[PDB]
Protein chains: 2
Amino acid sequence: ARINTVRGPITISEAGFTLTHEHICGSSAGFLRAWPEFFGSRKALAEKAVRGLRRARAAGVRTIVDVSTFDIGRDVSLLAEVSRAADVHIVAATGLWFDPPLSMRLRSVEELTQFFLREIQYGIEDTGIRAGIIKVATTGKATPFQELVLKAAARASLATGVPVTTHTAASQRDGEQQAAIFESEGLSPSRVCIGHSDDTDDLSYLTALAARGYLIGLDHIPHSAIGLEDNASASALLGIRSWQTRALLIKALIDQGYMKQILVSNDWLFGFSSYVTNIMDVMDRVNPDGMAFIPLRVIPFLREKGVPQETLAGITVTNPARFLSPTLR
Amino acid sequence: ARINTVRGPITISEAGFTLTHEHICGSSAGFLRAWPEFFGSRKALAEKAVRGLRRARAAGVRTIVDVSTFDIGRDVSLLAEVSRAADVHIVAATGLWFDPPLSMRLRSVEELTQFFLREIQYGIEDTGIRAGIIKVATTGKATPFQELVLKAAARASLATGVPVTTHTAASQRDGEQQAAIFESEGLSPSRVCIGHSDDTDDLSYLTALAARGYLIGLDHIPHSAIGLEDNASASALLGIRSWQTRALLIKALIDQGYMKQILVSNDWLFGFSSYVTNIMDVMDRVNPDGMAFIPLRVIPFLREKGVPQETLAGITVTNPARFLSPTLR
Ligand SMILES: CCOP(=O)(Cc1ccc(C)cc1)OCC
Ligand SMILES: CCOP(=O)(Cc1ccc(C)cc1)OCC
Ligand SMILES: CCOP(=O)(Cc1ccc(C)cc1)OCC
Ligand SMILES: CCOP(=O)(Cc1ccc(C)cc1)OCC
Ligand SMILES: [Zn+2]
Ligand SMILES: [Zn+2]
Ligand SMILES: [Zn+2]
Ligand SMILES: [Zn+2]
């Protein structure tokens, strides 16, 4: 019935056009509060974010899912502020990414489950703001720790009905191992979105997951270091496949009958301390549309390639609504 | 002239008996805020801490230096609250330990220097509380990143006059490489304390460093898992050397004429999330005296072994004052 946002619960119908994998800021736990000047200032950053969100809003975006976990330096107070100023719904996450500190690395599956439930049921920190999704990550073969995270995510999910979204090394088929883990915990594929999937040209890997019930996240659309190879760092991060190629995978899946299984996003951000210094400069150069990239460039592009408008609407309105709706077994 | 505490600046005379390496809590950045229940509750942790500090105060302790860095999950507001409540001065730290997140790992020596200076000159977070010491660490041969940390700690020390205290793997003779880098930076040894030095029986290593003008940190006196060989975990952490063995190193150094270079502490804490679950329990059992261990147990012991009281007062009062006083080259 309802989805938890940083401003409270909204009904399914209020979500509207939703971007399923984004970030206000990409950082580290405690970083933004200890070194705000790294981003110029906290004020500078929030302003940037608001402007960005207002632009996406103007394009039709009504809601975003900020998948920043505790180790991504998620700051729920920053999220609540910009959500209110931009008037954009923001769904917060719980979960763990790949940079956990010792206090986390040393926990058991049982403890991690506990923490995930806390974030979801009780709320984040002392705010009362409840997470609406669980984020997990692997990057090639899962580490023993990661496996734990995966199980914990599954259990928390099984208890709450809240979906799970993942970060993968697409080219390594991480999705496959993740699914194996989730299934072993009894998790239903329809509550899982395997992300960064557009990062591979292997349609057969994607179609096999789709077939099993999983949701496929085509969220690195605008990531391309095309014409920037003069920059190793940018190249390494964004890759060299064009945005059109990535977009085409969306059509490719539609064509195979998996439209109900597709979720699309930008995986964008307004600040990024967890990478090389000044990386944002490069990014804002690569995609000046920011999070408005999807509605502004991708929707028209697919339309133009023959995708029916109704179909696009299902993908950006319907799929997300279903995904996000907390659903128990 | 004055030393920075979490309650403000105090005069050197005001510091009295000082504990140079301690912690209110051993954790991770953001952890305390995110999962306070891991310590029962923030209030519980705070109460435990006040009691513990009141007892040390009762034994003569006027000031403690909490060497918890950003990566240790230092919570200055927490430090401030128990400091006020227990009526004990607390000196806060800047620097980095060995669990830095990606947002730090990726910084340059120049950016790191700036962060350090920030904490010292402007304040920690937004509290206006200024760090009174710089904490760095190695765990055997320094890593590239650790080398950077050491240079930055050096540089910030040079500009502000604040001392540097370190975490070593004494067994490995880390002190030697530490000194090497500091010296390569023009840093006076007299502004450095090589910690956890009681962790080794190598008097050759010790006297060398002392001979050189470095301060020797004998802060693991109470760490011993004797009678706990049953516990792999506590054994690993604590060692199997008795407290007496460690305590005697203090006598040895005095004996060689190095009384003015010794600094003693307990390296105690009231909370510890960065280790196995329930470890505190084990610790409380091993040393019920907590931070009062030194005055209650070590002082009299050394007395009984022949050390002049007057000498013991130099070690606990004079040495620290001198080390802590901001001193420029
Ligand atoms: C915050 C998570 O970052 P990520 O997993 C993915 C990521 C890469 C590039 C851009 C523009 C956004 C997000 O990679 C950082 C090393
Ligand atoms: C944070 C401590 O709360 P708790 O133990 C139980 C708890 C859940 C929900 C609400 C509204 C209050 C308390 O967390 C759930 C795992
Ligand atoms: C927080 C710093 O702890 P440390 O560096 C060393 C340490 C060990 C034991 C005790 C009682 C205190 C401190 O522990 C590594 C996990
Ligand atoms: C905004 C953070 O302050 P700043 O850039 C300069 C600064 C230092 C000290 C005081 C009292 C005010 C301002 O930090 C120094 C490294
Ligand atoms: Zn990701
Ligand atoms: Zn992401
Ligand atoms: Zn240490
Ligand atoms: Zn310590």
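Each chain gets a letter, A, B and so on, in the order the sequences are listed, and its residues count up from 1. Note that ligands are numbered from 1 as they come in the structure, with each ligand's atoms numbered from 1 the same way. Every heavy atom of this structure was used, including side-chain atoms; hydrogens, water molecules and symmetry mates were not.
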Determine, for A:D99 against B:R105, whether the closest basic-nitrogen to carboxylate-oxygen distance falls under 4.0 angstrom. yes

The single option from B:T165, B:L187, B:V136, B:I134 passing side-chain contact (heavy atoms from CB on, under 4.5 Å) against B:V192: B:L187

Identify the closest protein heavy atom to atom 7 (C) of ligand 4: which residue and atom is it, and at what distance? B:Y122 CD1, 4.2 Å

Does a salt bridge link B:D199 with B:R246, judged by any charged N lying under 4.0 Å from a carboxylate O? yes

Could you check B:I124, B:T127, B:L79 and say which one makes a side-chain contact (heavy atoms from CB on, under 4.5 Å) with B:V6? B:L79

Can the ring centres of A:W268 and A:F293 be said to be less than 6.0 Å apart? no

Answer yes if the side chains of A:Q178 and A:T166 hold a donor-acceptor pair under 3.5 Å, and no otherwise. yes

Return a yes/no value: protein heavy atom under 4.0 Å from atom 12 (C) of ligand 4? yes

Within a distance of under 4.0 Å, is there any protein heavy atom near atom 5 (O) of ligand 4? no

As an exercise, identify every atom of ligand 4 less than 4.0 angstrom from a heavy atom of B:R118. 16 (C)

The protein N, O or S atoms lying under 2.8 Å from the Zn ion (ligand 6) are A:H21 NE2, A:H23 NE2, A:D267 OD1

Pairing donors with acceptors under 3.5 angstrom, does anything connect the side chains of B:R107 and A:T277? yes

With a 4.5 Å cut-off on side-chain heavy atoms, are B:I221 and B:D219 touching? no

What's the shortest distance from atom 15 (C) of ligand 4 to any protein heavy atom, and which residue and atom give it? B:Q121 OE1, 3.6 Å

